[PDB]
Structures are given as structure tokens and as C-alpha cells.
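Everything below belongs to input.pdb, which stores PDB, C-alpha atoms.
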```
ATOM      1  CA  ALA Z 884     167.022  52.506   4.157
ATOM      2  CA  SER Z 885     166.840  50.557   0.926
ATOM      3  CA  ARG Z 886     167.177  51.976  -2.587
ATOM      4  CA  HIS Z 887     163.371  52.152  -2.841
ATOM      5  CA  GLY Z 888     162.314  54.619  -0.142
ATOM      6  CA  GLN Z 889     161.812  52.050   2.625
ATOM      7  CA  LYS Z 890     163.406  53.861   5.538
ATOM      8  CA  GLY Z 891     163.141  52.595   9.085
ATOM      9  CA  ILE Z 892     164.886  52.714  12.419
ATOM     10  CA  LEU Z 893     166.764  49.811  13.956
ATOM     11  CA  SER Z 894     164.550  48.507  16.754
ATOM     12  CA  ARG Z 895     166.334  45.347  17.930
ATOM     13  CA  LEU Z 896     169.599  43.490  17.535
ATOM     14  CA  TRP Z 897     168.265  39.952  17.437
ATOM     15  CA  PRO Z 898     170.652  37.317  18.845
ATOM     16  CA  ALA Z 899     172.186  35.171  16.130
ATOM     17  CA  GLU Z 900     170.834  31.959  17.683
ATOM     18  CA  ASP Z 901     167.238  33.251  17.838
ATOM     19  CA  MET Z 902     167.104  34.095  14.124
ATOM     20  CA  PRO Z 903     165.157  31.784  11.790
ATOM     21  CA  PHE Z 904     167.758  29.672  10.018
ATOM     22  CA  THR Z 905     167.161  28.395   6.505
ATOM     23  CA  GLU Z 906     167.452  24.823   5.271
ATOM     24  CA  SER Z 907     170.830  25.787   3.777
ATOM     25  CA  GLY Z 908     172.336  26.772   7.136
ATOM     26  CA  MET Z 909     172.119  30.493   6.418
ATOM     27  CA  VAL Z 910     170.604  33.071   8.760
ATOM     28  CA  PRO Z 911     169.323  36.497   7.655
ATOM     29  CA  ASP Z 912     170.996  39.627   8.941
ATOM     30  CA  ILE Z 913     168.079  41.982   8.216
ATOM     31  CA  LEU Z 914     164.462  41.265   9.167
ATOM     32  CA  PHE Z 915     161.957  43.391   7.241
ATOM     33  CA  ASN Z 916     158.268  43.294   8.150
ATOM     34  CA  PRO Z 917     156.186  42.331   5.079
ATOM     35  CA  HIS Z 918     153.556  45.019   5.746
ATOM     36  CA  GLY Z 919     155.413  47.928   4.154
ATOM     37  CA  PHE Z 920     154.659  46.560   0.674
ATOM     38  CA  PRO Z 921     150.835  46.574   0.524
ATOM     39  CA  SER Z 922     150.337  50.321   0.993
ATOM     40  CA  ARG Z 923     153.631  51.566  -0.484
ATOM     41  CA  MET Z 924     153.708  49.241  -3.513
ATOM     42  CA  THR Z 925     157.509  49.106  -3.745
ATOM     43  CA  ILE Z 926     157.549  46.041  -5.988
ATOM     44  CA  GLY Z 927     161.128  46.939  -6.905
ATOM     45  CA  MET Z 928     162.439  45.649  -3.583
ATOM     46  CA  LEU Z 929     160.893  42.222  -4.190
ATOM     47  CA  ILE Z 930     162.645  42.134  -7.565
ATOM     48  CA  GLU Z 931     165.955  43.415  -6.193
ATOM     49  CA  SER Z 932     165.969  40.626  -3.606
ATOM     50  CA  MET Z 933     165.669  37.958  -6.302
ATOM     51  CA  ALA Z 934     168.098  39.693  -8.663
ATOM     52  CA  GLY Z 935     170.715  40.029  -5.920
ATOM     53  CA  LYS Z 936     170.269  36.455  -4.733
ATOM     54  CA  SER Z 937     170.679  35.223  -8.311
ATOM     55  CA  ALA Z 938     173.768  37.435  -8.670
ATOM     56  CA  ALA Z 939     175.395  36.180  -5.468
ATOM     57  CA  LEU Z 940     174.561  32.608  -6.553
ATOM     58  CA  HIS Z 941     175.896  32.767 -10.122
ATOM     59  CA  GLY Z 942     178.681  35.298  -9.585
ATOM     60  CA  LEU Z 943     176.951  37.592 -12.095
ATOM     61  CA  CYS Z 944     175.896  41.233 -11.946
ATOM     62  CA  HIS Z 945     172.419  42.069 -13.230
ATOM     63  CA  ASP Z 946     171.233  45.496 -14.303
TER      64      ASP Z 946
ATOM     65  CA  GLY M 103     168.006 116.578 -67.859
ATOM     66  CA  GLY M 104     166.926 115.347 -64.474
ATOM     67  CA  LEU M 105     165.555 111.976 -63.273
ATOM     68  CA  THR M 106     161.776 111.421 -63.622
ATOM     69  CA  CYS M 107     159.454 108.644 -62.340
ATOM     70  CA  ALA M 108     159.040 105.962 -65.072
ATOM     71  CA  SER M 109     156.334 103.360 -65.618
ATOM     72  CA  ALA M 110     155.354 101.204 -62.706
ATOM     73  CA  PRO M 111     156.859  97.774 -62.742
ATOM     74  CA  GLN M 112     154.543  95.074 -64.149
ATOM     75  CA  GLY M 113     155.954  92.307 -61.959
ATOM     76  CA  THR M 114     158.320  91.310 -59.188
ATOM     77  CA  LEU M 115     160.813  88.455 -59.017
ATOM     78  CA  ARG M 116     162.126  87.255 -55.618
ATOM     79  CA  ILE M 117     165.105  84.861 -55.798
ATOM     80  CA  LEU M 118     166.218  82.553 -52.979
ATOM     81  CA  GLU M 119     168.605  79.493 -53.133
ATOM     82  CA  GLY M 120     167.052  76.177 -51.978
ATOM     83  CA  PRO M 121     168.204  72.487 -51.864
ATOM     84  CA  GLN M 122     165.787  69.425 -51.939
ATOM     85  CA  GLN M 123     164.517  66.534 -49.690
ATOM     86  CA  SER M 124     165.976  62.987 -49.823
ATOM     87  CA  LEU M 125     164.143  59.658 -49.476
ATOM     88  CA  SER M 126     162.631  58.790 -46.058
ATOM     89  CA  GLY M 127     164.750  55.985 -44.576
ATOM     90  CA  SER M 128     164.300  56.768 -40.861
ATOM     91  CA  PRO M 129     167.387  54.839 -39.550
ATOM     92  CA  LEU M 130     166.516  55.197 -35.844
ATOM     93  CA  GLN M 131     169.468  53.595 -33.969
ATOM     94  CA  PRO M 132     172.976  51.960 -34.485
ATOM     95  CA  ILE M 133     172.158  48.976 -32.211
ATOM     96  CA  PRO M 134     168.350  49.625 -31.964
ATOM     97  CA  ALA M 135     165.526  49.027 -29.404
ATOM     98  CA  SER M 136     166.122  48.154 -25.716
ATOM     99  CA  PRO M 137     167.955  44.773 -26.080
ATOM    100  CA  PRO M 138     166.660  42.371 -23.375
ATOM    101  CA  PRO M 139     168.656  41.094 -20.333
ATOM    102  CA  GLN M 140     169.049  37.293 -20.654
ATOM    103  CA  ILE M 141     170.179  33.833 -19.360
ATOM    104  CA  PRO M 142     173.945  32.875 -19.300
ATOM    105  CA  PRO M 143     174.082  29.463 -21.106
ATOM    106  CA  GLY M 144     174.079  26.298 -18.902
ATOM    107  CA  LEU M 145     174.898  28.241 -15.649
ATOM    108  CA  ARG M 146     174.710  25.081 -13.393
ATOM    109  CA  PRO M 147     173.769  25.086  -9.658
ATOM    110  CA  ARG M 148     176.501  26.780  -7.524
ATOM    111  CA  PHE M 149     175.203  25.295  -4.214
ATOM    112  CA  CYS M 150     174.326  21.873  -2.717
ATOM    113  CA  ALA M 151     172.534  20.580   0.414
ATOM    114  CA  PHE M 152     174.387  18.956   3.326
ATOM    115  CA  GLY M 153     174.263  15.123   3.563
TER     116      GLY M 153
END
```

Write out the structure in this file as C-alpha cells.
Amino acid sequence: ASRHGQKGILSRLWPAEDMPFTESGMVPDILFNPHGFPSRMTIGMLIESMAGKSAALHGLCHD
Amino acid sequence: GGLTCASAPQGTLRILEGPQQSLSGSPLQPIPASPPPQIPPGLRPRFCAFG
């Protein structure tokens, strides 16, 4: 689960070479279907993703 | 030589002790409002591409 009520079971363990790699070499470790947003309207997860990426990038800690 | 009823009182006084109101200044908060989260100055990119 996330901190926004988006609970779900673990359905697969996707091999690390079959995951979509980014142009920076990275590779996600969680894949989250984008269809839980439209009906549940948890816009706080889409802001937490950006806040946490900015934190990890700048060494900061946002509130 | 006994006690008899006398004339009815003509008025009543009720005493109470009361202090007064000061000026309205309405000093809401030490550091007031919700101060906004903001940009650290300069920052700089902490990541580069390969090549």
C-alpha cells in the first residue's frame, strides 16, 4: 500500500532485464497501473512521486 | 418596645465590581499565517547523462 489508500496485491515479480529502463540507466522497482487514479482521485500520490524524486535528487526533505 | 414593620424602601442599590475593555489589537500569531515551502538558492543539477 501507499500512504494514500492505494492498496494492492503483488501479482508478478518482473525480471530485472524485462523492466523498462530509463534514459538515465535506472529501472523502476514498482510498477503501478495508471488506472487507479481516475476513479479514486488520489492526486496526492502524483505529488508525492515528484516531491520524493526532487528530495532524492537534491538531498533535501520536503514536507 | 418590640420591632415593628417600617416604611417600604423607596429604592434598591445592587453593587458589583467590574473592570473595563482595552483597545482591539487582535495580534493573531507570533510568526503568523502558513509560511510557504520554497526553493533552496542555486541548487544546481545533481545528475548528468552518460557520454

Just want the 12 Å neighbourhood of segment 130-140 of chain M, counted on only C-alpha atoms, with same-chain residues fewer than 6 positions away dropped. Output as a PDB file with C-alpha atoms, keeping the file's coordinate frame.
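For reference, selection-v6.pdb as written:
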```pdb
ATOM      1  CA  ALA Z 934     168.098  39.693  -8.663  1.00  0.00           C
ATOM      2  CA  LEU Z 943     176.951  37.592 -12.095  1.00  0.00           C
ATOM      3  CA  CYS Z 944     175.896  41.233 -11.946  1.00  0.00           C
ATOM      4  CA  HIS Z 945     172.419  42.069 -13.230  1.00  0.00           C
ATOM      5  CA  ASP Z 946     171.233  45.496 -14.303  1.00  0.00           C
TER       6      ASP Z 946
END
```

List, as number ranges by chain, every residue that the ChimeraX specification (/M :<8) & /Z selects in the file provided.
-> Z: 907, 940-941, 946

Point-to-point distance in Å for atom CA of residue 144 of chain M and atom CA of residue 938 of chain Z = 15.1 Å

When you draw a straight line from atom CA of residue 936 of chain Z to atom CA of residue 908 of chain Z, how long is it in Å?
->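 Separation between atom CA of residue 936 of chain Z and atom CA of residue 908 of chain Z: 15.5 Å.
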
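As for atom CA of residue 935 of chain Z and atom CA of residue 891 of chain Z, they are spaced 21.0 Å apart.
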
Shortest interatomic distance to residue 887 of chain Z - which of Z:909, Z:937, Z:917, Z:923, counting all atoms listed in the file =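 Closest to residue 887 of chain Z of all the choices is Z:923.
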
What box, with edges along x, y and z, holds each listed atom of segment 925-941 of chain Z when 4 Å is added on every side, and can you state its centre and edge lengths in Å to one decimal, as JSON?
```
{"center_x": 166.7, "center_y": 40.9, "center_z": -6.9, "size_x": 26.4, "size_y": 24.5, "size_z": 14.5}
```

Kindly resolve the PyMOL selection byres ((chain Z and resi 897) around 12) on the present coordinates and return the residues as a PDB file with C-alpha atoms, keeping the file's coordinate frame.
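What landed in expr.pdb:
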```pdb
ATOM      1  CA  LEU Z 893     166.764  49.811  13.956  1.00  0.00           C
ATOM      2  CA  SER Z 894     164.550  48.507  16.754  1.00  0.00           C
ATOM      3  CA  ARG Z 895     166.334  45.347  17.930  1.00  0.00           C
ATOM      4  CA  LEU Z 896     169.599  43.490  17.535  1.00  0.00           C
ATOM      5  CA  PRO Z 898     170.652  37.317  18.845  1.00  0.00           C
ATOM      6  CA  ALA Z 899     172.186  35.171  16.130  1.00  0.00           C
ATOM      7  CA  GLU Z 900     170.834  31.959  17.683  1.00  0.00           C
ATOM      8  CA  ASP Z 901     167.238  33.251  17.838  1.00  0.00           C
ATOM      9  CA  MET Z 902     167.104  34.095  14.124  1.00  0.00           C
ATOM     10  CA  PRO Z 903     165.157  31.784  11.790  1.00  0.00           C
ATOM     11  CA  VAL Z 910     170.604  33.071   8.760  1.00  0.00           C
ATOM     12  CA  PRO Z 911     169.323  36.497   7.655  1.00  0.00           C
ATOM     13  CA  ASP Z 912     170.996  39.627   8.941  1.00  0.00           C
ATOM     14  CA  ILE Z 913     168.079  41.982   8.216  1.00  0.00           C
ATOM     15  CA  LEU Z 914     164.462  41.265   9.167  1.00  0.00           C
TER      16      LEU Z 914
END
```

Which residues match the PyMOL selection byres ((chain Z and resi 888) around 12) in the file above, as a PyMOL selection string?
-> chain Z and resi 884-887+889-891+919-920+923-928
